[PDB]
Amino acid sequence: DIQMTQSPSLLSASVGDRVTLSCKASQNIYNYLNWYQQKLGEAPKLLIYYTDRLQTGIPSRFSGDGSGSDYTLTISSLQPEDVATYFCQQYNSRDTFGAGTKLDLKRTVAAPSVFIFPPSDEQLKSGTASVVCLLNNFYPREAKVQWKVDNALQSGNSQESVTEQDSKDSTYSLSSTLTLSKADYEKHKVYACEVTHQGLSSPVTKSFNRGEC
Amino acid sequence: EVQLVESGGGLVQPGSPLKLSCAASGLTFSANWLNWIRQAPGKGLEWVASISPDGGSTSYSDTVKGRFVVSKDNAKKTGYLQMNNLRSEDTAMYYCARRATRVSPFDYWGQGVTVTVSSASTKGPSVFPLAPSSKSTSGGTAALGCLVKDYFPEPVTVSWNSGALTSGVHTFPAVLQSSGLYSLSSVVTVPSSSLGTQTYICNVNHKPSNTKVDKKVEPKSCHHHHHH
Ligand SMILES: [Cl-]
């Protein structure tokens with residue numbers, strides 16, 4: 001087969017910058033190369049076809065170039081909605097795609113909004129207590145959540161995950177859930193999540209008392 | 001305008017068969033090449049098979065040749081992919097895509113459906129409300145959501161108010177629990193002033209276990225100066 005190599009795997013820039021993505025084929029593909037953009041949860045979207053032809057409806061700021069084995073996609077003025085993974089595809093031989101280049105943006109610091117959710121009556125009835133802490137729309141991505149029960153720092157009972165970068169404001173959100181059996185849950189009073197982030201002068205704590213709602 | 005919509009998918013035991021379909025509108029597969037492309041973590045995008053506009057010609061990747069069969073029903077304006085003797089290596093999201101000629105690009109794609117090949121049993125999600133309250137309010141905005149716990153395999157699909165609510169929605173990547181089961185949360189921020197009049201319902205779909213859940217999420221009273 002003809003194998004496609006994309007570089008770099010992760011590309012970081014800022015709004016307004018010029019970004020160039022690389023795609024090299026293991027052998028000549030004679031301009032038979034297309035470019036797609038894919039966002040989380042969506043099908044790939046055609047941007048450039050036959051090396052340098054702009055797909056209808058695609059912003060003029062996208063352009064393709066190359067020949068032989070070496071190709072590039074260029075975005076002339078990065079916009080927030082350009083954050084995505086970009087794939088190249090050759091169709092000289094049997095179709096093959098590159099492994100993709102992921103684009104992310106730096107923007108000004110934005111402090112998280114912090115929210116906490118007591119366990120559901122439904123879930124408690126099933127014998128488990130999940131407490132959820134939400135950190136909404138912040139930047140940079142690095143954010144430390146610490147669970148404290150009666151002000152004692154927890155470990156081993158929580159899981160978190162972060163969103164892809166937002167298409168409009170370039171921020172991230174973060175969800176953290178602490179899970180205890182209902183028996184362990186009913187052993188303590190105060191459940192708190194404590195958030196540290198570049199955007200916060202000092203830790204922000206949101207908490208509730210078990211049984212209060 | 002053109003649209004491709006796929007159907008089918010779910011969890012299948014190794015060795016077993018599954019069939020996918022792709023329904024077209026705004027175009028006919030009598031004038032286009034129907035292609036199947038699959039995507040899985042660590043394997044990017046991978047071309048699987050195609051059938052010609054005149055339907056006389058089928059092509060397959062080495063890895064699926066002899067197990068997979070592509071077909072069409074021009075009456076239904078629909079294409080199919082019969083998958084036989086599935087292996088775990090086949091686990092992926094499967095897309096249909098059209099190209100006018102073999103040298104044209106894939107300009108229209110289906111939405112993707114997931115095929116999971118596993119010996120493990122499916123498990124439907126438990127859906128619990130993340131209720132708005134003073135504790136999930138910040139300024140004039142309230143957060144609310146749903147916690148989708150203890151399901152297998154991925155994925156679960158979440159919408160809000162049947163798709164009418166998308167602004168400020170954050171559906172997070174699932175996490176892997178030590179039990180092998182999966183969990184995820186979906187949240188929305190809305191005006192805190194809207195909690196008394198607006199209804200918020202999370203629509204949770206888990207194809208592998210044939211489950212669809214609509215969970216109404218309602219406000220709780222959590223504001224106390226003194227805890228009894
Ligand atoms: Cl008590």
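Lettering follows sequence order; numbering is per chain, from 1.
Of all the heavy atoms in A/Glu194 and A/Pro203, the pair that sits closest is CG-CB, 3.8 Å.
A parallel orientation is assigned to the rings of B/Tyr182 and B/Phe152, their planes being inclined by less than 30° (bins at 30° and 60°). The aromatic rings of A/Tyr191 and A/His188 stand perpendicular to each other, their planes meeting at an angle above 60°, with 30° marking the opposite boundary.
When ring centroids are compared, B/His225 and B/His227 stay outside the 6.0 Å threshold. If you look at A/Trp35 and A/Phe62, their ring centroids are not closer than 6.0 Å.
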Starting from the C-alpha separation in whole Å, work towards a yes-or-no answer on side-chain contact (heavy atoms from CB on, under 4.5 Å) for B/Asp107 and A/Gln55.
-> CA-CA 8 Å; B/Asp107 57 352; A/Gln55 168 69 162; 3.8 Å; yes

Does the pair A/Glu122 and B/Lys216 meet the rule for a salt bridge (charged side-chain N to carboxylate O under 4.0 Å, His left out), with working shown?
-> CA-CA 12 Å; A/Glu122 296 88 309; B/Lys216 288 183 174 66; over 6 Å; no

Chi angles and distances behind the side chain to side chain donor-acceptor pair (under 3.5 Å) call for B/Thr116, B/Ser118 = CA-CA 6 Å; B/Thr116 298; B/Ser118 167; over 6 Å; no

Between B/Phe172 and A/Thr163, is a side-chain contact (heavy atoms from CB on, under 4.5 Å) present by the stated rule, with each step listed?
-> CA-CA 5 Å; B/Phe172 294 80; A/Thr163 63; 3.6 Å; yes

Would A/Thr179 and A/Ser130 satisfy side chain to side chain donor-acceptor pair (under 3.5 Å), going step by step from the backbone distance to the final call?
-> CA-CA 4 Å; A/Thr179 308; A/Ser130 283; 3.2 Å; yes

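B/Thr171 pairs with exactly one of B/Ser185, B/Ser186, B/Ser159 by the side chain to side chain donor-acceptor pair (under 3.5 Å) rule, that one being B/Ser186.
Applying the salt bridge (charged side-chain N to carboxylate O under 4.0 Å, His left out) test to residues at least two apart or on different chains, none of the pairs has a partner in residues 102-114 of chain A.
No donor-acceptor contact under 3.5 angstrom links the side chains of A/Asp166 and B/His170, judged on distance only. Looking at A/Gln38 and A/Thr85, their side chains never bring a donor and an acceptor atom within 3.5 Å of each other.
Seen from the ring of B/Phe128, B/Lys149 does not count as a face-on cation partner, given the 6.0 Å and 45° thresholds.
Checked by atom type and distance alone, the side chain of B/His224 pairs as donor or acceptor with a backbone atom of B/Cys222 at under 3.5 Å.
Separation of atoms CD (A/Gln165) and OH (A/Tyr172) is listed at 3.5 Å; rounding is to 0.5 Å.
Every residue was checked against the side chain to side chain donor-acceptor pair (under 3.5 Å) condition with B/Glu6, not counting sequence neighbours, and none meets it.
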